[PDB]
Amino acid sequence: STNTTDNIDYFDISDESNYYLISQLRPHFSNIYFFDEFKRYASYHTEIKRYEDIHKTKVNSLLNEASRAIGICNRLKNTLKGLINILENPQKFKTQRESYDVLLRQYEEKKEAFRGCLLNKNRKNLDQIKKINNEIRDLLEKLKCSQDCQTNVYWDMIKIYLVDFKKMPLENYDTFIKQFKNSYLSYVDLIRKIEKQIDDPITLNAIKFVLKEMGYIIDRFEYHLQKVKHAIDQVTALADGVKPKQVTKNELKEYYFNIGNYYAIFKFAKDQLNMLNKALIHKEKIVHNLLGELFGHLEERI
């Protein structure tokens, strides 16, 4: 059956301020999707048609620079995946000569080195996010309105975002992570009772490492599920309140930035949760196979 982690896309990291989260899946920042959404907003205002060039030059380059940064950490990624494959697979551990304690410490060191690399190589890209944001605000000032800025475009997009939000079975995600977190706790509780009786070298270490990784991925799923829930609740609360006809231009700037980043979060968190969904299912199959091996060793002991 399944016993080898082929993909470790589940690692992410946030910056020190916890404003930006870096993912191994492109566009790597949710903020790229906001720049894509503003391209849709700007097409309805002829006063800001220059953003078409800002998007082609600044926004696309930022995406590729983010992809380039992730690619710089690719050899750390392969080294980390090589350690994971040994630590999770007793058969692969038996083909080398290092001890499990040594490989475990190298795993923690390479894990933080890889995650640290994802952030460090993207710091200048993070600064570019603010500069393109400020460039967008300055571009928005060229609108031919000041205290009577129309909100039709703003309210048209909220309605469009609400139907896209219905295309995500939010109850399925809650039910899935609830069962998995309890299945995870039951697994660890079963391992605790078995270890109290026997020492099963290699096999028992492997199943604990996989469970430890499972716990990390569970935490990642809950994080990204909380953000997509928050984003949908905010946009929905706007649609259930009063709808002003006209606002000032500085207010319309905040409006576009508000719904634009919320839809970006939703779009970004969806593909992240889908990846994390597959990673959890994959880790569980490894645990299942290892657990059957562990019960066989328990029988021959007693």
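Residues carry their position along the shown sequence, with the first being 1.
Stretch comparison (89 to 97 versus 153 to 161) by mean CA B-factor in the PDB entry places 153 to 161 on top. Comparing the deposited coordinates for 182 to 190 and 114 to 122, the stretch with the larger average C-alpha B-factor is 182 to 190.
As recorded in the entry, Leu140 carries the highest CA temperature factor of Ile84, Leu140, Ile217, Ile207. The entry lists C-alpha B-factors for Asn31, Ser61, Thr248, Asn277, and the highest of these is at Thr248. Among the modelled residues of its chain, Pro244 has a C-alpha B-factor that falls in the highest third according to the deposited record.
Sort the chain's modelled residues by C-alpha temperature factor and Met168 lands in the highest third, per the entry.
In the deposited entry, the Cα temperature factor of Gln128 sits in the middle third of values across the chain's modelled residues. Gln147 sits in the highest third of its chain by CA B factor, as recorded in the PDB entry. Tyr44: CA B factor lies in the highest third for its chain, per the PDB record.
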